[PDB]
Every structure is written in structure tokens, then in C-alpha cells.
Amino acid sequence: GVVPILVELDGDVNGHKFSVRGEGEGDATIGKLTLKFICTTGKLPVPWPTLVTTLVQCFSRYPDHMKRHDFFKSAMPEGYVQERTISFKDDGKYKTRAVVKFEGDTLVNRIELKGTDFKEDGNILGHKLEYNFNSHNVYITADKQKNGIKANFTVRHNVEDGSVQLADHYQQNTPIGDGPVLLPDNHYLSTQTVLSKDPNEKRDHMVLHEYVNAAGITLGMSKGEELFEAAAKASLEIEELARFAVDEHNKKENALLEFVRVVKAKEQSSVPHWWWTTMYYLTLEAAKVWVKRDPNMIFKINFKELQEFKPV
């Protein structure tokens, strides 16, 4: 299923501040991500490829015989904290801390990044890295002591003079909630990424497609999957309930509109869950919706009703 993604990063590399916003979606069933990033401070002072790993491994595809070992999904929806030290060889270091968690039906990744000891005319600050990406194996191991995992891999950045700039990654993931989380046996994530450009986009940006697959545990020996499939079914449902709200302010108070996209969603009320009754709050591309629900199948809607519709 398709689950929307929001990324937000604030970075400081050798005094150069910057911020990045990213929007897109992921499908954990196939392990596919499509993300477009915008540098919201104008000119990005570092090569876009250096931020790829920092800018949601919960969308990795774990085969059925490995769902036992998917820590990332098990820590949802409370989320986890992802900290990394990216040591660029013969150059500076990145230190990152991220909060990956759900907000409504949206998976959010908010990062702070600080870079130090970078050479002003190196591969990074000198902008000598090619706009491409390689495939790597993210070697994951359990960290029972901190109820999480550590990860280790080395990213290869192709530079224009033919050489290769190495970036050693030291990763730590710690859950935010206190409930149980799956602690995996040693395995790795197979990652492939391609970086491209939106020809219609004027801002400094990066378009990103990547496929992630878990492997390393041979066939011979889920809460997380059901949550992501539900968040996708939820997102698919906010679309209808927004596509329904448009269709019902046409015939209600004479107009003619069709919706462009869905933007921002909020369930509300102290109304219990066993009421099978919820009040959504939408904000649309030109509305409150009350919904009754078959308890036998949660995402089947027996009755819907528009109650307001005023695009601000």
C-alpha cells in the first residue's frame, strides 16, 4: 500500500545553514520510495548525494520469512530515533539525529544535521561529487542493551575525476515508545537509489527513487505490516472522504469543483474507538465528515455525511 511521507531537515555544515523539505510516498509491500526534496533556504551548500541517507528504512521490504526481524515497523506508530555519524574519508563528519514516526496517516522524518571539520575545497564543500548514487548493504545488528539496533555500512560517492569518496556510516536506532519491539538477528538491507531532476522545478531540489530489500537470513528457521497496510488504507480513505466532500458541496450549495490533491488530515474527539464512529477534519484543493463503520472490517464505511465545506 501507498503511505505518504514528509521529511524535514535543518542542517549546519561548517557554519552553512540550510533546510530541506521532502514530500512523497512509500510502499513497504514492494519496498519502493518516491521522494522529491526542496531546499527551502534557497541554495543547498552541500552536494545533494551527501544527504540521501539522512533524508525511512521502515519502508524496506522484509520477505515473509524475515518479518520477525523488522525492527523499524515494530517501533511504529510511536516511532524511533535514528542517530548517525557519517565520516567522509579525508574530510569532515556529519552528525545527525532524526525522529521517524507517524502523524495521522503520514510517516514523518524530522532531522537535525551538523557538519564539522570539512575542507573548504574538498569533494563536499567544493561540489565535486557526481549527481548519482550507488547500491549498498546496510548491515543491521541487534542492540539489546538499548532495546534497539545498530547499523554499519560505507556509502560510495562517485566523484568527477574518476575517484571514489567514501562515507562511513555509524547508525543507531532507539524506539520512542515503551512497548515491545522486535530485536532482529543479523541481516542487511539491499538498497538501490537513483537521483533525478524535475524539469519544471526552479528551486534547488532532488528527485529520488529507491528500492530496499531485506536479506541475509536464509529461508530455514505481523503487527508492523498490518499498521502500514492500514495507514495506506487510511490514506486511500481520506482521499475518498475528500473526493466525497467536493462532490457534496456541488449538489448542496450550487457549484462545480474537482479536487486536485489531499492536504492534511485529522481525526478528533474523545468519542471511543468501539463506537465505530469518527469525525475527520480535511483541508482540500478547491470540510468535516462524520463516518459510521462496519465493525466487522474496520475500513468499510456504512454511512458518511458532509457537515461543512469552506475552503480557506
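Numbers for residues come from their place in the sequence shown, where the first is 1.
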Query raised in the report: Count of coordinate-less deposited residues separating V246 and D247, as none, 1 to 3, 4 to 9, or 10 or more?
Result: none
Requested in this report: Compare the mean C-alpha B-factor of 15-23 with that of 291-299 as given in the PDB entry, and name the stretch with the higher value.
Outcome: 291-299
Query raised in the report: For the stretches 100-108 and 231-239, which has the higher mean C-alpha B-factor as given in the deposited record?
Result: 231-239
Query raised in the report: Which one of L51, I30, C39, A255 shows the biggest C-alpha B-factor in the PDB entry?
Result: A255
Report summary line: Max C-alpha B-factor within the set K67, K266, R61, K43 falls on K266
Report task. Can you work out whether the C-alpha temperature factor of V7 puts it in the lowest, middle or highest third of the chain? Result -> lowest
Report summary line: Assert third(CA B-factor, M221) within chain per record equals highest
Report summary line: On the chain's distribution of Cα B-factors, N132 falls within the third called lowest
Report summary line: Here the Cα B-factor of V56, set against its chain, lands in the third termed middle
**Report entry** Lowest, middle or highest third - CA B-factor, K114
**Finding:** middle
